[PDB]
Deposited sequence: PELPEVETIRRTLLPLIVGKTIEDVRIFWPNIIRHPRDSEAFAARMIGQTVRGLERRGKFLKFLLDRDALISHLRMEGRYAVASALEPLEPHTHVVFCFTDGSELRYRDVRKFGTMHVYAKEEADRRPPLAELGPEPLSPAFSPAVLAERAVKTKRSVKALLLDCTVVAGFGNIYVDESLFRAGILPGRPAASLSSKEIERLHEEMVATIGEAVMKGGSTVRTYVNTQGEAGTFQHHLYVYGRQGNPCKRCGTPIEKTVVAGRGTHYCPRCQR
């Protein structure tokens, strides 16, 4: 899921698990557990901790327990559900946290691409994968100044810049293409070639793009061959930053 849907999961999951105490952890695909590397230590350390909170950083969910934080990335098709220990697990269930009240937090993932890392709370932010993660796009910490500073410094295309997780959190292929379209900037342009006016406009559209989605219709992403919604020009697709890239050659410059 994208950032806005991860925020929805964060908001919806929290009341279903807050205040519950872990009694067991069952792991059916150890490779999902990335820290501690030994999934046995992962399972053992969580036992007896109570869920106190659930936060989001970029696309990462951060489950706050007593001593530890569990940092979870759903990647492609990871999903969490809360259900009774008495019911059969659903297909592709790879990790299960059993609570003392007979309920369970289940993690399902067809591709097995998701990741889990557990650290002491006070360490989580300075260890992978959260270490280096850029500012939240909806936060004052993500500013035109910050964006301009990174743009003027690189030889990369603007798209490559915006896909860099250290620049800003939670921007992937879709929102990058959409933001660039709304700002009227071609994705293949050198980041350093953007005028201050363009940086300001891109910042504004980046914020509106994720902002409208987190609170609540694509212009270019996956619409190649179809008419642009603003000028009717056919949307085109190329490779930029080694990625499938969608844009309107008339609206964007």
**Asked** Numbering the deposited sequence from 1, which residue ranges have no coordinates here?
**Response** 217-236
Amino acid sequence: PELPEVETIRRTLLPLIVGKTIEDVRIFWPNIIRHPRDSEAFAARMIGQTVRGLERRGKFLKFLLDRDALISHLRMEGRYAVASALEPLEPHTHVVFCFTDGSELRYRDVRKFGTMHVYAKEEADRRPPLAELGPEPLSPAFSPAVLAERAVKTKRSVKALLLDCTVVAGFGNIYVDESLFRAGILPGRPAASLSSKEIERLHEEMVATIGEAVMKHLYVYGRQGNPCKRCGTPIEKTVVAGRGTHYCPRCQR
From here on, numbers count along this sequence of modelled residues.
**Prompt:** Which wins on mean Cα temperature factor, 151-159 or 179-187?
**Reply:** 151-159
**Message:** Highest mean C-alpha temperature factor of the two stretches 165-173 and 78-86, which is it?
**Reply:** 165-173
**Prompt:** Out of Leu105, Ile71, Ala120, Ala145, which one has a C-alpha B factor higher than all the others in the entry?
**Reply:** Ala145
**Message:** Just to confirm, going by the entry's C-alpha B-factors, which of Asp38, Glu55, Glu205, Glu198 comes out highest?
**Reply:** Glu198
**Asked** What third of the chain, by the recorded C-alpha B-factor, contains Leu13?
**Response** lowest
**Asked** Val240's Cα B-factor: lowest, middle or highest third of the chain?
**Response** highest
**Request:** Pull the Cα B-factor of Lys62 out of the PDB entry and bin it into the chain's lowest, middle or highest third.
**Result:** lowest
**Request:** Could you say whether, by C-alpha temperature factor, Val220 belongs to the lowest, middle or highest third of its chain?
**Result:** middle
**Request:** For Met116, return the chain-relative third of its C-alpha B-factor as stated in the PDB record: lowest, middle or highest.
**Result:** lowest
